[PDB]
Number of protein chains: 2
Amino acid sequence: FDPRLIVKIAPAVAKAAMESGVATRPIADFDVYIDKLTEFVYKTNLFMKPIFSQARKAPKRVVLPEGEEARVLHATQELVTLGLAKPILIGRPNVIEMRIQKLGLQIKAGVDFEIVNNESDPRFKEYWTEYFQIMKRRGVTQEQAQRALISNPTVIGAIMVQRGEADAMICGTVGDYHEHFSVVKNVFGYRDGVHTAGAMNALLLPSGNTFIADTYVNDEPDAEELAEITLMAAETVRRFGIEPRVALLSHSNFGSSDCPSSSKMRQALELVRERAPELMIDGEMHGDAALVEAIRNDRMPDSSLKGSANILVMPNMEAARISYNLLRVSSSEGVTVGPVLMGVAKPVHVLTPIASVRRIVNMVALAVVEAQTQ
Amino acid sequence: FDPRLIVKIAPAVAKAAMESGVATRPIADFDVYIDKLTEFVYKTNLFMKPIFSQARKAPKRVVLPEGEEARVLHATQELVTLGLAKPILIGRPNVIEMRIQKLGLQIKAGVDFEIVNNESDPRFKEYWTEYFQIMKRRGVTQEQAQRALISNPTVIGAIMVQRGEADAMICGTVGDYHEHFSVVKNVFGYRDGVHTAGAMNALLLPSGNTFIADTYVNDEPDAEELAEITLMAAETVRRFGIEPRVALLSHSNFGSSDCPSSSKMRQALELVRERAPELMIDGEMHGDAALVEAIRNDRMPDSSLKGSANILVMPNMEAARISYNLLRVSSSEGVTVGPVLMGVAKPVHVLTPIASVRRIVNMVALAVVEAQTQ
């Protein structure tokens, strides 16, 4: 799967065929040709195949709070088969076993995977006392903390990962995003060096693989919050292997509007450049100017952004969630990754009820891969 | 009046009665019995009694602007009899001498107390000139300063205390609190190192001696301002002899409601603990949790607050004045102290129009104590 294959083979084959003389059209501009095919590499990178393999080498414990949900169940089978992770499912053990039989999956409880019963667990008194000490001043009474552990699955898995019993967690298949996130933020805590949280959704597009943030965490992020979201996204995408091409999208194109939304972007651009100059980023720009290099070079010759951009940053969540939701059905491709939570101290992600099984599979993998490091 | 009397005598008697054998019911928990005795003596305290004695030791000069008002005159008599302070009443001498006779009081002008006539005074030229130099930049012309020295008695007394002719002043029996306070603030100035003022009103409650903060001065306090109010009050309560137990009240119970008011309180708790970690204080909480320790230990066991809390700091003036009014009618007895003004350099206090004659006597003695320091 090495991307460099088409980089060296196709030119070298072309150079020997011109020396052999059987070629009808000489590509005299070999360096331009080299630029053309390296661009094809850069647009389509799988960025999942290395992830899966890394998960296979070191599977980790992942808790899925909504264990009864059928989509979770379908993904648990593929996780056990591919040897990606050690799945811990939370829910009523009786309904899971019945649905497994109806689904026909070969996973066997206590063998292939472990189950934690939400209604009864020996580690109950310890857990509610642990959750209460975090949430006593945040409006959770002792009596409330108990009731939460019996009926809120997401809270149960959060306590495990913080304790150390579980390595990571994947939730959000049932419920609104902010319900699960609220649980996550108070329990795990912000990662050191960060004071804001970022959500990222990825769509393979004609322009290539493309990422969008922030989709659910912040409804109206301020300037410094955008800058921190940008830097984390550049770090995460560099891990995937795709070099980061950041574009701060806005209705204004390089100062066409002086309204506060555009002013917020420009300030963040200066903030990002001062914190880490290496990142390739230019803003603000129209949406189209970030993908078609032809349009951007006409508005901005000396733009530091080169080629189609892959990290599009949004001024407010509404523009993001409406863009990503409209593109997911206008691309019609493999799911790649879903809502990637950035900034949390522990390896956690929250999904949507519309999330497919492949998305849950891919996302559980992504988390196992995060858990290998500390 | 020594509080330590009941704490020591009763246990030794109890031990002697058990050794004698006449004790029908033994008390095995002697250390618990001491705790119940010490809690009773802290609740029913008489901080006013030492204040009178300290005032008797060194009577100081006190100015009362409303010398014609009947309630002040009754209080001048009992002050003269007690020997607490040397009164300097202000008003028309004829109306005072005629009311003195009408009220059947044995006080003579020029000997027991001193009258300063507002309409005519030898030092008139120095007073309105000094007032002008203080208020020339706050909208007071020379012509306005003259009429103001004759018309507003509170202005007259404020000038005296700043000159040093009188050691303190008590006012407010007629008129709005702020009519005198604004004069007090501009003339005396803020206490060194203090940039906001505080109004404290004391009540005798079943739970114990109880004070409320910011009853009249600030409609809405900054978190910084709330902090300085709390810190000053605990210092003043320590002067009375009561142990400072502080509680920040709010409509939210320990983060149950996230609003501007609750956020405002919590920030102050941090600000107070940094400036003085020794002060026992916890918030935010409901009122009942501040008084009934049982309720507080059930929602917050680790609370640093121990027992009934004596210093109640409130979020806004509106809730504080409403509470104080509704409590002074539902608490049977207790003349205690009137509205206490904190943060002003020269010793002074502003009273309510409905302040009882006992409250004028008490608040005059409180001022004499304050004048003995610096």
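Residues numbered from 1 in each chain as written, not as in the entry; some residues may be left out. Chains lettered and ligands numbered in written order. Part of a larger assembly, values for the part shown. Heavy atoms only, no water.

The deposited coordinates derive from X-ray crystallography, with the record listing a resolution of 3.85 Å.

Moving on to the pattern of salt bridges. Residues and elements named next belong to chain A. This model, assessed by the stated rule, comprises 31 salt bridges over all chains. Taking the shortest distance from any N to any O, the salt bridge between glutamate 68 and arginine 92 comes out at 3.0 Å. With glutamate 68 in the loop between β1 (60-64) and α4 (70-81) and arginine 92 in the loop between β2 (85-90) and α5 (93-103), this residue pair connects regions lying 24 residues apart in the sequence. On the basis of relative accessibility, which here comes to 15%, the residue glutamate 68 falls in the buried class. (Salt bridge = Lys/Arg side-chain N within 4 Å of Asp/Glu carboxyl O. Helix = DSSP H or I, 4+ residues; strand = E, 2+ residues; numbered from the N terminus. Buried < 20%, exposed > 50% of the residue type's maximum accessible area, 1.4 Å probe, protein only.)

Moving on, we get to the sheet that holds strand β2 (residues 86-90) of chain B. Residues and elements named next belong to chain B. Pairing in this open sheet of 5 strands is parallel, and the strands run β3-β2-β1-β4-β11 from one edge to the other. The sheet is open, and its two borders are formed by β3 (114-116) and β11 (348-350), each paired with just one other strand. The mean inter-strand angle of the sheet, taken between neighbouring strand axes irrespective of direction, is 20 degrees. Sheet analysis places strand β1 (residues 61-64) next to strand β4 (residues 168-171), joined by 2 bridges and oriented parallel. Paired with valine 63 across the strands is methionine 169, a residue of β4. In the packing of helix α8 (residues 153-163) onto the sheet, the strands contacted are β1, β2 and β4, and the crossing angle to β4 comes to about 165 degrees. (Pairing = 2+ DSSP bridges. Axes fitted to C-alpha atoms, helices over the stretch in contact; angles between N-to-C directions. Contact = heavy atoms within 4.5 Å.)

Right, let's get into the environment of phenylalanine 132 of chain B. All names here are of chain B. For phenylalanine 132, the location among the structural elements is in helix α6 (residues 124-135). Looking at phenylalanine 132, the relative accessible area reads 17%, which means it is buried. When the C-alpha atoms of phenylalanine 132 and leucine 79 are compared, they prove to be 34 Å apart, with 53 residues separating the residues in sequence. With residues up to four places along the chain from it excluded, the contact list for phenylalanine 132 reads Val140, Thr141, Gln142 and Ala145.

Residues and elements named next belong to chain A. Between α4 and helix α14 (residues 357-371), the shortest axis-to-axis distance is 9 Å and the interhelical angle comes to 50 degrees. Relative to α14, the element α4 is oriented oblique. The way α4 lies across α14 gives a crossing that is right-handed. In this structure, α4 contributes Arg71, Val72, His74, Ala75, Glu78 and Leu79 to the contact, and α14 contributes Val357, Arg358, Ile360, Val361 and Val364. Here the contact of α4 with α14 is composed, by residue class, of 7 nonpolar, 1 polar and 3 charged. (Parallel < 35°, antiparallel > 145°, perpendicular 65-115°, else oblique. Left-handed = near helix turned anticlockwise from the far one by under 90°. Nonpolar A, V, L, I, M, F, W, Y, C, P; charged D, E, K, R; others polar.)

The transform that puts chain B on chain A rotates by 120 degrees and translates by 0.0 Å along the axis, for an RMSD of 0.4 Å. Between the two chains, the operation in question is that of a three-fold axis. Looking at the rotation axis and the C-alpha trace of chain B, the residue lying nearest is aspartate 222 of chain B, at 14 Å. (Least-squares fit on C-alpha atoms.)

Moving on, we get to the packing of aromatic side chains. Going through the model one piece at a time under the given rule, you end up with 11 aromatic pairs over all chains. Relative to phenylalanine 181 of chain B, the ring of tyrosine 177 of chain B lies with its centre 6.2 Å away and its plane at 40 degrees, an arrangement referred to as tilted. Linking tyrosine 177 of chain B with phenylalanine 181 of chain B, this pair stays in helix α9 (residues 177-188), spanning 4 residues, or about one helical turn. By the burial criterion, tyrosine 177 of chain B is buried, and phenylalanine 181 of chain B matches it. An aromatic cluster of three or more residues is present, and its members are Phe47, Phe211 and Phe240 of chain A. A cation over an aromatic ring shows up here: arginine 245 of chain A above the ring of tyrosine 42 of chain A, its NZ or CZ 4.4 Å from the ring centre. (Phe/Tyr/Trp six-rings, centres within 6.5 Å; stacked < 30°, edge-to-face > 60°. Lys NZ or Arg CZ within 6 Å of the ring centre and 35° of its normal.)

Let's shift gears to the sheet that holds β1 of chain A. All names here are of chain A. Here 5 strands make up an open sheet; going across it, the order is β3-β2-β1-β4-β11 and the pairing parallel. Strands with a single pairing partner mark the edges of an open sheet, and in this sheet they are β3 (114-116) and β11 (348-350). Strand-to-strand twist in this sheet, taken as the mean axis angle between neighbours without regard to direction, amounts to 20 degrees. Here strand β4 (residues 168-171) pairs with β11 via 3 bridges, running parallel. By the bridge assignment for β11, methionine 169 is matched with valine 348. With respect to the sheet, helix α8 (residues 153-163) is in contact with β1, β2 and β4, its orientation differing from that of β4 by roughly 165 degrees. Here helix α9 (residues 177-188) sits on the sheet in contact with β4 and β11, set at roughly 165 degrees to β11.

Residue and element names in this part refer to chain B. Most of β2 sits inside the fold, with 4 of its 5 residues counted as buried. When β1 meets β2, the two strands line up parallel, connected through 4 bridges. Residue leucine 64 lies in a different strand from β2, and its bridge partner there is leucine 89. The handedness of the β1 to β2 crossover, carried by helix α4 (residues 70-82), is right-handed. As paired strands, β2 and β3 are joined by 3 bridges and run parallel to one another. Paired with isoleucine 88 across the two strands is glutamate 114, which belongs to β3. In this region the chain leaves β2, passes through helix α5 (residues 93-103) and returns to the parallel neighbour β3; the handedness of that crossover is right-handed. (Right-handed = clockwise from strand over helix to strand, strands pointing away.)

All names here are of chain B. Within the element layout of this structure, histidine 178 appears in helix α9. Here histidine 178 falls in the partly exposed class, since its relative accessible area comes to 32%. Sequence separation between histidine 178 and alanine 12 is 166 residues; the distance between their C-alpha atoms is 54 Å. In this view, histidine 178 contacts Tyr216 and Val217; residues no more than four positions away in its chain are not counted.

The next subject is helix α11 (residues 260-275) of chain A. The end-to-end C-alpha distance of α11 of chain A is 23 Å, a good match for the 22 Å that 16 residues give at a rise of 1.5 Å each. Of the surrounding elements, those touching the buried residues of α11 of chain A are α10 (223-240), β7 (245-249), β8 (280-285) and β9 (311-313) of chain A. (Expected span 1.5 Å × (residues − 1).)

Below, the discussion takes up a negative patch on the surface. All names here are of chain A. On the surface, a cluster of negative charge is contributed by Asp29, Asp31, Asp35 and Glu293. With respect to the element layout, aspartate 31 can be found in helix α2 (residues 30-43). Judged by its relative accessible area of 58%, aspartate 31 is exposed. (Patch = residues over 30% accessible without salt bridge, like charges linked within 9 Å, V, L, I, M, F, W, Y side chains within 5 Å. Areas by Shrake-Rupley, 256 points an atom, 1.4 Å probe, with all protein chains shown as cover. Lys, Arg positive; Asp, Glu negative; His and termini not counted. Charge placed at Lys NZ, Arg CZ, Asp CG, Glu CD.)

Next up on the list: the pairing of β2 of chain A. Moving residue by residue along a regular strand, the side chains alternate between the two faces of the sheet. All names here are of chain A. Of all 6 residues making up β2, 5 are buried, and the element is well covered by its neighbours. Taken together, the 5 bridges between β1 and β2 define a ladder with parallel strand orientation. Each bridged residue has a counterpart across the sheet, and for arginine 61 the counterpart in β2 is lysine 86. What joins β1 to β2 is α4, and the crossover it makes is right-handed. Where β2 meets β3, 3 bridges bridge the pair, whose relative direction is parallel. Pairing of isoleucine 90 across the sheet is with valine 116, part of β3. Note that the unit made of β2, α5 and β3 has a crossover that is right-handed.

The interface of chain B with chain A comprises 11 residues on the first partner and 9 residues on the second. For the chain B face of the interface with chain A, the top three residues by lost area are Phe254, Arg299 and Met300 of chain B, together amounting to 52%. Summed over the shared surface of chain B and chain A, the result is 2 salt bridges. Salt-bridge contacts for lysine 136 of chain A lead to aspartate 302 of chain B; the nearest nitrogen and oxygen are separated by 3.0 Å. Counting the contacts that link chain B with chain A gives 4 residue pairs in polar contact. Secondary-structure elements contributing two or more residues to the side of chain B that touches chain A are β8 (280-285) and α13 (293-299) of chain B. (Buried area = accessible area lost by both parts, 1.4 Å probe. Polar contact = N/O pair within 3.5 Å; in protein donor to acceptor, adjacent residues only side chain to side chain.)

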